[PDB]
């Protein structure tokens, strides 16, 4: 399939939503190749909008999946290394799929010299940087 087919695009969104990766989806019977999916995306705003929603749902599904990949790892050195790689790749991807939810979280307690106030001295410009 090369021509845009909304029924197929809808199915793609559903599968992605459930956690499946695009390349894996594109290997299913009657699915377009990844290049074609990207081509559809580029020219159909209805697909793009639903695909963005599916990406959010996809991330929520993957967040649950990482526990299973780790917990069910076959206790063999190479198998554990692969499980680790699969989990690390997902962790990285999740932060990009939904940065607000899955990005890193840090609380910075900001203090100044010797634990006192932050000391700031302002001066007029000394070079032409405007």
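Positions refer to the first chain, counted from 1.
Peer 1: Given the B-factors recorded for C-alpha atoms, which segment has the greater mean, 83-91 or 64-72?
Peer 2: Result of the comparison: 64-72.
Peer 1: Taking only the CA atoms, which stretch has the higher mean B-factor in the record, 92-100 or 45-53?
Peer 2: Looking at the record's C-alpha B-factors, the answer is 45-53.
Peer 1: So where's residue 23 on the chain's Cα temperature factor ranking, which third?
Peer 2: Highest third - that is where residue 23 ends up once the chain's C-alpha B-factors are sorted.
Peer 1: Taking the chain's C-alpha temperature factors as the reference, tell me which third residue 78 falls into: lowest, middle or highest.
Peer 2: Tercile = highest for this residue's CA B-factor.
Peer 1: Quick one: classify residue 39 as lowest, middle or highest third of the chain based on its Cα B-factor.
Peer 2: CA B-factor rank for residue 39: highest third.
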